[PDB]
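Following: one structure in structure tokens, then a few remarks.
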Amino acid sequence: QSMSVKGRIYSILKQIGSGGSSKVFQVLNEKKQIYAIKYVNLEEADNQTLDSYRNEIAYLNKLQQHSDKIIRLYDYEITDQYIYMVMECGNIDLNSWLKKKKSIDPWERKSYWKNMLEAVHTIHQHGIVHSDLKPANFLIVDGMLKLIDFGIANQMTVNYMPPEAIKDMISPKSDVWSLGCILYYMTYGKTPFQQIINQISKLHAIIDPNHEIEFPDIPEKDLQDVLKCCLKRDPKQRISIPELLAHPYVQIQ
Ligand SMILES: CN(C)C(=O)c1ccc(Nc2cc3c(cn2)cc(-c2cnco2)n3C(=O)OC(C)(C)C)c(Cl)c1
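Heads up: the sequence shown begins at 179 in the working numbering, then just goes up one per residue.
Next up, the structure:
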């Protein structure tokens, strides 16, 4: 099986994953270099959906020059029938990696955490709030974490959902909470509310101040401060990304 993107021929090795409308493959160019190709069928796509797809591609393209913590998009082919996106190949998504890895190295965690802040910080600088941050969004590329999507594409788990989202029934700070849950998972092996199976009661716990989130004593006092600061229910009281970037946990070994 083979495909053509802007004149260049790509041999398919395997399908990495498949969404609703789209499919991602592990491919090879004529010089036997590896890439990931996102193929999106546009036959059933409506105007709003087409525009949201065009918008994420635009941002992914502009944000290339601003941060290397954003997945590389080398080429793309857009017609009325499909989209082909030529990207760099990552080893594994952070979610699938965390499911396999029971115990995480404190150095790896610090490194991945700084990467996530850099990627999320970049999208904020451009006025984008992902609003749906998850481990899955992040890709391990040569021991570096890279942000895969910006949330704009999505809508074509609730364990990472901020309280202000459920209470409103969203700002840079909504992403802070979600990142804080990713780090809480990377620290305690569980998300702050994983323990609640009933999805109704879970949402109640996320918005309830009487529900005190546990922060068991860990040898990294700075990491525990990061977690307490990120998981503040009041967005006004919650720490910011530029602040998190100067925190001793990020900046000191
Ligand atoms: C069990 N899983 C799936 C793995 O072990 C595994 C995960 C990721 C991989 N690499 C990869 C995935 C990629 C990209 C580059 N490289 C680019 C994207 C992408 C899609 N929209 C924007 O960007 N993308 C993506 O959506 O991937 C999934 C579907 C896994 C999130 C590989 Cl080879 C294996």
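In this text, a Cβ means the ideal position worked out from N, Cα and C, and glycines have one as well.
Checklist entry - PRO350 to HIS244, Cα distance in whole Å? => result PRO350 and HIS244: Cα-Cα distance of roughly 18 Å.
Checklist entry - Quick one: what's got a C-beta closer than 8 Å to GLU208's C-beta in the same chain, skipping five residues either side? => result Listed in chain order, the non-local C-beta contacts of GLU208 below 8 Å within the same chain comprise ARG186 and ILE187, local neighbours out to five positions each way being set aside.
Item to check | Sub-7 Å separation of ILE261 and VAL205 beta-carbons | outcome: Judged by beta-carbon spacing, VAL205 lies beyond the 7 Å limit of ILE261, meaning their Cβ atoms are not closer than that value.
Next on the checklist: Between the segment 217-237 and the segment 321-338, can you find at least three pairs of beta-carbon atoms closer than 8 Å?
Outcome noted: Yes: at least three Cβ pairs fall under 8 Å.
Checklist entry - Exposed or buried, what is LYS184 when buried is set at 16 or more other beta-carbons lying within 10 Å of its beta-carbon? => result Exposed is the label assigned to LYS184, since fewer than 16 other Cβ atoms lie within 10 Å of its Cβ.
Next on the checklist: My assumption, with CB atoms under 8 Å, is that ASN239 sits in contact with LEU251. Please give the rounded CB distance.
Outcome noted: With 8 Å as the limit, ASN239 and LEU251 qualify as a contact, their Cβ atoms being about 6 Å apart.
Checklist entry - Is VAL202 helix, strand or coil by DSSP? => result Strand.
Checklist entry - Taking the Cβ atom as the reference point for each residue, do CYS408 and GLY367 lie within a distance shorter than 7 Å? => result In this structure, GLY367 does not lie closer than 7 Å to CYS408 by Cβ.
Checklist entry - Mapping DSSP to helix, strand and coil, what is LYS192? => result Looking at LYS192 - three-state DSSP - the assignment turns out to be strand.
Next on the checklist: With three or more C-beta pairs closer than 8 Å as the rule, is the segment 413-430 touching the segment 398-405?
Outcome noted: Output reads yes: the segment 413-430 touches the segment 398-405.
Item to check | Buried or exposed (CB count within 10 angstroms, at least 16 for buried), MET347 | outcome: Around the beta carbon of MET347, a 10 Å sphere encloses fewer than 16 other beta carbons of the protein chains shown; the residue is thus reported as exposed.
Checklist entry - If we ignore side chains and look at the alpha-carbon of each, how far apart do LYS247 and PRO394 end up? => result Between the C-alpha atoms of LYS247 and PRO394 there is a straight-line separation of about 31 Å.
Item to check | For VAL354, three-class secondary structure by DSSP | outcome: Per DSSP, reduced to three states, the secondary structure at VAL354 is helical.
Checklist entry - Can you tell me where the beta strand (DSSP E) with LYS216 in it begins and where it stops? => result Start and end: 212-219.
Next on the checklist: Please report the distance separating the alpha-carbon of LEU325 from that of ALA297.
Outcome noted: Their backbone Cα atoms lie some 6 Å apart in a straight line.
Checklist entry - Where does the unbroken beta strand (DSSP E) through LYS410 begin, and where does it stop? => result Segment: none, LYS410 is in no beta strand (DSSP E) and carries neither H nor E.
Checklist entry - Residue ranges of each alpha helix (DSSP H) run of no fewer than 4 residues wholly in the segment 323-399, ordered along the chain? => result DSSP runs (the alpha helix (DSSP H)) wholly in the segment 323-399: 341-346, 350-366 and 377-385.
Checklist entry - Hey, how far is the Cα of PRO413 from the Cα of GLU342? => result Going from the Cα of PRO413 to the Cα of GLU342 covers about 7 Å.
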